[PDB]
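Form deposited in one PDB entry, single chain, as structure tokens, below.
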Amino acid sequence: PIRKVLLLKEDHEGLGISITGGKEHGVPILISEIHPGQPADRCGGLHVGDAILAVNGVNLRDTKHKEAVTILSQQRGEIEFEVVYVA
């Protein structure tokens, strides 16, 4: 089940969540670590075990982990995040 959650990021604030994996290896990037006291916690949606699919309309499945880091950083102010609950 795909979940659409909109998170507001600021220039002074960071991502608030850590990702792991590697598309180049043959697997999509997912959320594993969460920083307590950041936009991620404020959203109440960024949970451990989230599979990334698209960010701000940009496809991540066809991009590499390193490339995704740069693209994610390009998102300013309002950032749209699309992930799927994995268990």
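Sequential numbering from 1, following the sequence displayed.
One more form of this protein, solved in complex with a partner chain, exists but is not displayed; see below.
- Message: Please determine whether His25 contacts its partner chain in the deposited bound form, using a 4.5 Å cut-off between heavy atoms.
- Response: The answer is yes: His25 has a heavy atom within 4.5 Å of its partner chain.
- Item | Distance check, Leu30 to its partner chain in the deposited bound form, heavy atom within 4.5 Å | Yes, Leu30 lies within 4.5 Å of its partner chain in the deposited bound form.
- Message: When the contact criterion is heavy atoms within 4.5 Å, does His35 count as touching its partner chain in the deposited bound form?
- Response: Contact with its partner chain, yes.
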